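All remarks here apply to the structure that follows.
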Amino acid sequence: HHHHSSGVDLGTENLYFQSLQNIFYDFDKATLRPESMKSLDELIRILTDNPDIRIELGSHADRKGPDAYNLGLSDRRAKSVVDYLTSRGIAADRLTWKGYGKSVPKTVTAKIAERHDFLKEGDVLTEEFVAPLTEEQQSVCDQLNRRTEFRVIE
Ligand code: NA
């Protein structure tokens with residue numbers, strides 16, 4: 001099969017790539033911002049250039065509001081991405097998705113840590129981590145949790 005031990009995955013959770021970005025959302029919205037459409041066009045290029053690969057997506061919500069509500073919101077966030085891709089010709093069978101609600105806070109990557117003096121690589125944006133922060137710091141963290149993650153798979 002593969003003639004080597006596992007290498008680095010092309011995904012948004014562990015590493016930062018200019019050409020494979022997280023999708024971020026407004027508070028209580030599943031809408032694709034103009035920036036999100038550019039990011040999805042970059043993903044469509046990867047899908048069309050590599051016709052056999054699939055994309056696994058995971059959609060999320062920030063700590064505010066009930067668990068069940070946030071699960072539904074995360075499903076709508078995944079669906080908006082799937083609908084944009086399928087509207088551009090991507091076969092639905094090439095995409096898998098899961099809505100995690102607010103159950104999986106994001107881990108701060110080296111790029112996120114470079115951009116914010118208060119965040120360090122490896123910090124997990126849990127409710128307990130975000131709770132004692134300033135209103136501005138909470139807004140940065142909550143925004144980072146309102147995202148869709150991607151991973152390129154077979
Ligand atoms: Na930092």
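Labels used: A, B, ... for chains in the order of the structure tokens, numbers from 1 for residues in each chain, and numbers from 1 for ligands as shown.
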For residue 88 of chain A: contacts at 9 Å, only C-alpha atoms, fewer than 5 positions along chain excluded, given as a PDB file with N, CA and C atoms, in the first residue's frame:
ATOM      1  N   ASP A  41     -13.617  28.267  -3.624  1.00  0.00           N
ATOM      2  CA  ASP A  41     -13.117  28.187  -5.000  1.00  0.00           C
ATOM      3  C   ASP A  41     -11.726  27.528  -5.023  1.00  0.00           C
ATOM      4  N   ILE A  44     -12.380  23.841  -4.620  1.00  0.00           N
ATOM      5  CA  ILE A  44     -12.876  23.308  -5.885  1.00  0.00           C
ATOM      6  C   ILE A  44     -11.707  23.047  -6.835  1.00  0.00           C
ATOM      7  N   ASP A  83     -23.512  22.601  -0.343  1.00  0.00           N
ATOM      8  CA  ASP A  83     -24.345  23.164  -1.402  1.00  0.00           C
ATOM      9  C   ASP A  83     -23.553  24.064  -2.343  1.00  0.00           C
TER      10      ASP A  83
END
Please identify all polymer residues within 12 Å of residue 130 of chain A, counting only C-alpha atoms, omitting same-chain residues fewer than 2 positions from it, and present them as a PDB file with N, CA, C and O atoms, in the first residue's frame.
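Produced file part26.pdb, reproduced below:
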ATOM      1  N   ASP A  62     -19.647  28.113  18.388  1.00  0.00           N
ATOM      2  CA  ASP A  62     -18.999  28.626  19.580  1.00  0.00           C
ATOM      3  C   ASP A  62     -19.824  28.242  20.840  1.00  0.00           C
ATOM      4  O   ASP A  62     -20.925  27.683  20.739  1.00  0.00           O
ATOM      5  N   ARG A  63     -19.279  28.518  22.007  1.00  0.00           N
ATOM      6  CA  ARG A  63     -19.861  28.128  23.299  1.00  0.00           C
ATOM      7  C   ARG A  63     -21.251  28.703  23.624  1.00  0.00           C
ATOM      8  O   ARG A  63     -21.889  28.200  24.553  1.00  0.00           O
ATOM      9  N   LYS A  64     -21.706  29.771  22.934  1.00  0.00           N
ATOM     10  CA  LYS A  64     -22.975  30.411  23.318  1.00  0.00           C
ATOM     11  C   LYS A  64     -24.216  29.644  22.885  1.00  0.00           C
ATOM     12  O   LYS A  64     -24.304  29.202  21.745  1.00  0.00           O
ATOM     13  N   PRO A 105     -14.055  22.375  20.666  1.00  0.00           N
ATOM     14  CA  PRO A 105     -13.379  23.672  20.542  1.00  0.00           C
ATOM     15  C   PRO A 105     -12.088  23.532  19.731  1.00  0.00           C
ATOM     16  O   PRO A 105     -11.431  22.478  19.741  1.00  0.00           O
ATOM     17  N   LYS A 106     -11.744  24.585  19.004  1.00  0.00           N
ATOM     18  CA  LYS A 106     -10.587  24.576  18.127  1.00  0.00           C
ATOM     19  C   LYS A 106      -9.267  24.656  18.890  1.00  0.00           C
ATOM     20  O   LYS A 106      -9.179  25.295  19.960  1.00  0.00           O
ATOM     21  N   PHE A 118      -2.265  36.877  22.925  1.00  0.00           N
ATOM     22  CA  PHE A 118      -2.850  36.179  24.067  1.00  0.00           C
ATOM     23  C   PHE A 118      -3.056  34.674  23.854  1.00  0.00           C
ATOM     24  O   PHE A 118      -3.398  33.969  24.813  1.00  0.00           O
ATOM     25  N   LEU A 119      -2.855  34.180  22.618  1.00  0.00           N
ATOM     26  CA  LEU A 119      -3.040  32.769  22.296  1.00  0.00           C
ATOM     27  C   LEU A 119      -1.696  32.113  22.008  1.00  0.00           C
ATOM     28  O   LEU A 119      -0.837  32.704  21.340  1.00  0.00           O
ATOM     29  N   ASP A 123      -3.156  25.764  22.626  1.00  0.00           N
ATOM     30  CA  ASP A 123      -4.280  26.170  23.484  1.00  0.00           C
ATOM     31  C   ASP A 123      -5.590  25.677  22.867  1.00  0.00           C
ATOM     32  O   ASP A 123      -5.770  25.792  21.655  1.00  0.00           O
ATOM     33  N   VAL A 124      -6.475  25.104  23.679  1.00  0.00           N
ATOM     34  CA  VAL A 124      -7.767  24.660  23.175  1.00  0.00           C
ATOM     35  C   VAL A 124      -8.785  25.688  23.666  1.00  0.00           C
ATOM     36  O   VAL A 124      -8.842  25.983  24.860  1.00  0.00           O
ATOM     37  N   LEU A 125      -9.580  26.238  22.737  1.00  0.00           N
ATOM     38  CA  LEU A 125     -10.546  27.297  23.021  1.00  0.00           C
ATOM     39  C   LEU A 125     -11.827  26.809  23.707  1.00  0.00           C
ATOM     40  O   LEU A 125     -12.929  27.103  23.262  1.00  0.00           O
ATOM     41  N   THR A 126     -11.669  26.096  24.830  1.00  0.00           N
ATOM     42  CA  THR A 126     -12.789  25.562  25.588  1.00  0.00           C
ATOM     43  C   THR A 126     -13.573  26.681  26.270  1.00  0.00           C
ATOM     44  O   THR A 126     -13.051  27.801  26.414  1.00  0.00           O
ATOM     45  N   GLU A 127     -14.794  26.384  26.769  1.00  0.00           N
ATOM     46  CA  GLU A 127     -15.592  27.371  27.496  1.00  0.00           C
ATOM     47  C   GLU A 127     -14.816  27.870  28.732  1.00  0.00           C
ATOM     48  O   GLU A 127     -14.820  29.060  29.009  1.00  0.00           O
ATOM     49  N   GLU A 128     -14.099  26.971  29.423  1.00  0.00           N
ATOM     50  CA  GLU A 128     -13.309  27.304  30.613  1.00  0.00           C
ATOM     51  C   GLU A 128     -12.116  28.199  30.257  1.00  0.00           C
ATOM     52  O   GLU A 128     -11.750  29.067  31.042  1.00  0.00           O
ATOM     53  N   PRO A 132     -12.772  33.539  31.321  1.00  0.00           N
ATOM     54  CA  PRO A 132     -12.185  34.671  32.065  1.00  0.00           C
ATOM     55  C   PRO A 132     -11.570  35.784  31.225  1.00  0.00           C
ATOM     56  O   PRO A 132     -11.060  36.754  31.782  1.00  0.00           O
ATOM     57  N   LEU A 133     -11.601  35.651  29.895  1.00  0.00           N
ATOM     58  CA  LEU A 133     -10.973  36.622  29.018  1.00  0.00           C
ATOM     59  C   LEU A 133     -11.764  37.930  28.835  1.00  0.00           C
ATOM     60  O   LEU A 133     -12.923  38.010  29.246  1.00  0.00           O
ATOM     61  N   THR A 134     -11.134  38.969  28.249  1.00  0.00           N
ATOM     62  CA  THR A 134     -11.834  40.232  28.017  1.00  0.00           C
ATOM     63  C   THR A 134     -12.932  40.004  26.961  1.00  0.00           C
ATOM     64  O   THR A 134     -12.890  38.994  26.227  1.00  0.00           O
ATOM     65  N   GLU A 135     -13.871  40.961  26.809  1.00  0.00           N
ATOM     66  CA  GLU A 135     -14.898  40.847  25.771  1.00  0.00           C
ATOM     67  C   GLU A 135     -14.243  40.729  24.371  1.00  0.00           C
ATOM     68  O   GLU A 135     -14.659  39.886  23.579  1.00  0.00           O
ATOM     69  N   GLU A 136     -13.189  41.521  24.100  1.00  0.00           N
ATOM     70  CA  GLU A 136     -12.496  41.446  22.808  1.00  0.00           C
ATOM     71  C   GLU A 136     -11.824  40.081  22.594  1.00  0.00           C
ATOM     72  O   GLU A 136     -11.911  39.520  21.491  1.00  0.00           O
ATOM     73  N   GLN A 137     -11.147  39.557  23.621  1.00  0.00           N
ATOM     74  CA  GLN A 137     -10.496  38.241  23.502  1.00  0.00           C
ATOM     75  C   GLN A 137     -11.538  37.151  23.309  1.00  0.00           C
ATOM     76  O   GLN A 137     -11.327  36.231  22.505  1.00  0.00           O
ATOM     77  N   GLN A 138     -12.680  37.239  24.037  1.00  0.00           N
ATOM     78  CA  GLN A 138     -13.760  36.265  23.879  1.00  0.00           C
ATOM     79  C   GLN A 138     -14.303  36.302  22.453  1.00  0.00           C
ATOM     80  O   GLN A 138     -14.575  35.245  21.879  1.00  0.00           O
ATOM     81  N   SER A 139     -14.450  37.501  21.874  1.00  0.00           N
ATOM     82  CA  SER A 139     -14.952  37.626  20.509  1.00  0.00           C
ATOM     83  C   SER A 139     -13.995  36.965  19.510  1.00  0.00           C
ATOM     84  O   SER A 139     -14.464  36.297  18.594  1.00  0.00           O
ATOM     85  N   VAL A 140     -12.674  37.079  19.725  1.00  0.00           N
ATOM     86  CA  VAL A 140     -11.681  36.449  18.836  1.00  0.00           C
ATOM     87  C   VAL A 140     -11.830  34.914  18.952  1.00  0.00           C
ATOM     88  O   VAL A 140     -11.903  34.225  17.941  1.00  0.00           O
ATOM     89  N   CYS A 141     -11.860  34.411  20.193  1.00  0.00           N
ATOM     90  CA  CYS A 141     -11.963  32.961  20.401  1.00  0.00           C
ATOM     91  C   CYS A 141     -13.253  32.380  19.862  1.00  0.00           C
ATOM     92  O   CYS A 141     -13.236  31.321  19.219  1.00  0.00           O
ATOM     93  N   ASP A 142     -14.386  33.050  20.135  1.00  0.00           N
ATOM     94  CA  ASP A 142     -15.692  32.554  19.685  1.00  0.00           C
ATOM     95  C   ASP A 142     -15.725  32.534  18.156  1.00  0.00           C
ATOM     96  O   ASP A 142     -16.164  31.544  17.557  1.00  0.00           O
ATOM     97  N   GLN A 143     -15.143  33.571  17.514  1.00  0.00           N
ATOM     98  CA  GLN A 143     -15.060  33.566  16.048  1.00  0.00           C
ATOM     99  C   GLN A 143     -14.256  32.340  15.548  1.00  0.00           C
ATOM    100  O   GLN A 143     -14.682  31.684  14.595  1.00  0.00           O
ATOM    101  N   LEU A 144     -13.113  32.055  16.181  1.00  0.00           N
ATOM    102  CA  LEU A 144     -12.285  30.920  15.762  1.00  0.00           C
ATOM    103  C   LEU A 144     -13.020  29.593  15.889  1.00  0.00           C
ATOM    104  O   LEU A 144     -12.781  28.706  15.081  1.00  0.00           O
ATOM    105  N   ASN A 145     -13.952  29.482  16.877  1.00  0.00           N
ATOM    106  CA  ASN A 145     -14.739  28.262  17.051  1.00  0.00           C
ATOM    107  C   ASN A 145     -15.876  28.135  16.024  1.00  0.00           C
ATOM    108  O   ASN A 145     -16.336  27.018  15.777  1.00  0.00           O
TER     109      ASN A 145
END
Sorted by chain and rising residue number, list the residues of chain A at most 10 Å from ligand 1 (counting only C-alpha atoms and all ligand atoms), each with its closest atom pair and distance in Å to one decimal, as JSON lines.
{"residue": "A:108", "atom": "CA", "partner": "ligand 1", "partner_atom_place_in_ligand_line": "1 (Na)", "distance": 9.2}
{"residue": "A:109", "atom": "CA", "partner": "ligand 1", "partner_atom_place_in_ligand_line": "1 (Na)", "distance": 9.7}
{"residue": "A:110", "atom": "CA", "partner": "ligand 1", "partner_atom_place_in_ligand_line": "1 (Na)", "distance": 8.1}
{"residue": "A:111", "atom": "CA", "partner": "ligand 1", "partner_atom_place_in_ligand_line": "1 (Na)", "distance": 8.7}
{"residue": "A:112", "atom": "CA", "partner": "ligand 1", "partner_atom_place_in_ligand_line": "1 (Na)", "distance": 7.3}
{"residue": "A:113", "atom": "CA", "partner": "ligand 1", "partner_atom_place_in_ligand_line": "1 (Na)", "distance": 3.8}
{"residue": "A:114", "atom": "CA", "partner": "ligand 1", "partner_atom_place_in_ligand_line": "1 (Na)", "distance": 4.9}
{"residue": "A:115", "atom": "CA", "partner": "ligand 1", "partner_atom_place_in_ligand_line": "1 (Na)", "distance": 6.3}
{"residue": "A:116", "atom": "CA", "partner": "ligand 1", "partner_atom_place_in_ligand_line": "1 (Na)", "distance": 4.6}
{"residue": "A:117", "atom": "CA", "partner": "ligand 1", "partner_atom_place_in_ligand_line": "1 (Na)", "distance": 3.8}
{"residue": "A:118", "atom": "CA", "partner": "ligand 1", "partner_atom_place_in_ligand_line": "1 (Na)", "distance": 5.4}
{"residue": "A:119", "atom": "CA", "partner": "ligand 1", "partner_atom_place_in_ligand_line": "1 (Na)", "distance": 4.4}
{"residue": "A:120", "atom": "CA", "partner": "ligand 1", "partner_atom_place_in_ligand_line": "1 (Na)", "distance": 4.7}
{"residue": "A:121", "atom": "CA", "partner": "ligand 1", "partner_atom_place_in_ligand_line": "1 (Na)", "distance": 7.2}
{"residue": "A:123", "atom": "CA", "partner": "ligand 1", "partner_atom_place_in_ligand_line": "1 (Na)", "distance": 10.0}
Contacts of segment 20-35 of chain A at 6 Å (only C-alpha atoms; same-chain gap of 6+ positions) as a list in words: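 In the requested form, the answer reads residues 76, 77, 146, 147, 148 and 149 of chain A.
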Secondary structure check, strand (DSSP E or B) residues of segment 54-133 of chain A, as number ranges by chain: A: 54-59, 95-99, 107, 124
Top pick for closest residue to residue 102 of chain A, considering A:5, A:86, A:39, A:59 and counting only C-alpha atoms: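 That would be A:59, the residue with the smallest distance to residue 102 of chain A.
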d(atom CA of residue 19 of chain A, atom CA of residue 1 of chain A) in Å: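 Between atom CA of residue 19 of chain A and atom CA of residue 1 of chain A the gap works out to 27.9 Å.
Residue nearest residue 9 of chain A, chosen from A:67, A:93, A:56, A:75 and counting only C-alpha atoms: A:56.
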Interatomic distance, atom CA of residue 10 of chain A to atom CA of residue 38 of chain A (Å, one decimal):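 Atom-to-atom, atom CA of residue 10 of chain A to atom CA of residue 38 of chain A, that is 18.3 Å.
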Residue 101 of chain A surroundings by only C-alpha atoms, 8 Å radius, close-in-sequence under 3 positions cut, as JSON, numbers by chain: {"A": [59, 60, 61, 62, 67, 68, 69, 70, 71, 72, 73, 74, 75, 104]}
Interatomic distance (Å, one decimal) between atom CA of residue 15 of chain A and atom CA of residue 98 of chain A: 20.0 Å
